[PDB]
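Take a look at this one chain, the form deposited in one PDB entry, written out in structure tokens.
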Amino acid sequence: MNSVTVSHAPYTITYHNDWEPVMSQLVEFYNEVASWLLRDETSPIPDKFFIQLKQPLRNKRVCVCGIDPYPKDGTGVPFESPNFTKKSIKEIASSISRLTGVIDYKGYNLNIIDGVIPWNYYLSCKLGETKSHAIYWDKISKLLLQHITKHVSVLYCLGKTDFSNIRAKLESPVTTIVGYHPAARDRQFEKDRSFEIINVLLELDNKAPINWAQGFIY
């Protein structure tokens, strides 16, 4: 694992070699915007912005993408809630509980599932303000997601309003599903069948399915 330097906090970014082709562009873009975004208190903290760049991409076939980190308590790992309190990962875990039949569990983590890379489109938000740093991450976000979609075969985005312009933004040939947000009203995420549709699409493309039960913590 290499690292590069940036002018502002967190000053160094360590990354898995799979990310190498985008890193010089990332440094340039981050140096342009970091001084502005860092004036706000952020979720996650600056030292955690880029920790997901330590994940390999070549063993990944599905990206599960939310728009930005949790308003509060972001860890730098997308969707991760160590104490299992965040609504999104609780609703996701319930959806997978119904799919797989596993009813007794203490937590759920999208970051421990073979073939899945969980992702936050924007890498920070001003503390307590969802989507507040969209203007800063803009170009970086497109750069990094485009790079992810060169490896994965299915991109699954959560939030129809959040990602209403994602296909025009990405100009990608990759299969893209935009489902309901886990906190969508009228219980619409509970009736969402995107987790099931992903595996059907993978198996048609001669890829192994995702074992969604791997995410459970007991």
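What we label the rigid core is the largest C-alpha set whose atoms superpose within 1.5 Å from one form to the other. Shifts are known only where both forms have a C-alpha. Start at 1 with the first residue shown and count on from there.
A.B. asks: Report the stretch with the higher mean CA temperature factor, choosing between 19-27 and 202-210 on the basis of the entry.
C.D. replies: Taking the mean C-alpha B-factor of 19-27 and of 202-210, the larger value falls to 202-210.
A.B. asks: Going by the mean C-alpha B-factor recorded in the entry, which is higher: 190-198 or 6-14?
C.D. replies: So the stretch with the higher mean C-alpha B-factor is 190-198.
A.B. asks: Reading the B-factor column of the entry, which of 102, 148, 135, 110 has the highest value at its C-alpha atom?
C.D. replies: By C-alpha B-factor in the record, 102 ranks first.
A.B. asks: Going by the deposited entry, which of 178, 65, 51, 183 has the highest CA temperature factor?
C.D. replies: Answer for 178, 65, 51, 183: 183, with the highest C-alpha B-factor.
A.B. asks: Place residue 44 in the lowest, middle or highest third of its chain's C-alpha B-factors, as listed in the PDB entry.
C.D. replies: Answer is lowest: the recorded C-alpha B-factor places it there.
A.B. asks: Comparing residue 56 with the other modelled residues of its chain, is its CA B-factor in the lowest, middle or highest third?
C.D. replies: It falls in the middle third of the chain.
A.B. asks: Taking only the Cα B-factors deposited for this chain, tell me whether residue 37 sits in the lowest, middle or highest third.
C.D. replies: As the PDB entry reports it, the C-alpha B-factor of residue 37 lands in the lowest third of its chain.
A.B. asks: Within this chain, which third does the Cα B-factor at residue 87 fall in: lowest, middle or highest?
C.D. replies: Its C-alpha B-factor belongs to the highest third of this chain's values.
A.B. asks: Comparing against every modelled residue in the chain, figure out the third that the C-alpha B-factor of residue 81 lands in (lowest, middle or highest).
C.D. replies: As the PDB entry reports it, the C-alpha B-factor of residue 81 lands in the middle third of its chain.
Just so it is clear, the following notes concern the form deposited in another entry, a form of the same protein that is not shown.
A.B. asks: Overlay on the rigid core first, then point out the one of 67, 63, 170, 177 whose CA is displaced 2 Å or more between this form and the one not shown.
C.D. replies: Comparing both forms, the shifted residue turns out to be 170.
A.B. asks: Relative to the superposed rigid core, does the CA atom of residue 187 travel 2 Å or more between this form and the one not shown?
C.D. replies: Yes.
A.B. asks: Look at the CA atoms of residue 172 and residue 160: state whether they lie closer or farther apart in the other entry than in this form, given a difference of 3 Å or more.
C.D. replies: Farther is correct, given that in the other entry the C-alpha spacing of residue 172 to residue 160 is increased by at least 3 Å.
A.B. asks: Check residue 189 against residue 129 at the C-alpha atoms and report closer or farther in the other entry, compared with the shown form; the change is 3 Å or more.
C.D. replies: Compared with this form, residue 189 and residue 129 lie farther apart in the other entry.
A.B. asks: When the two are fit on their core, where are the runs of 3+ residues whose C-alphas each shift at least 2 angstroms between this form and the one not shown?
C.D. replies: Shifted segments: 164-172, 185-192.
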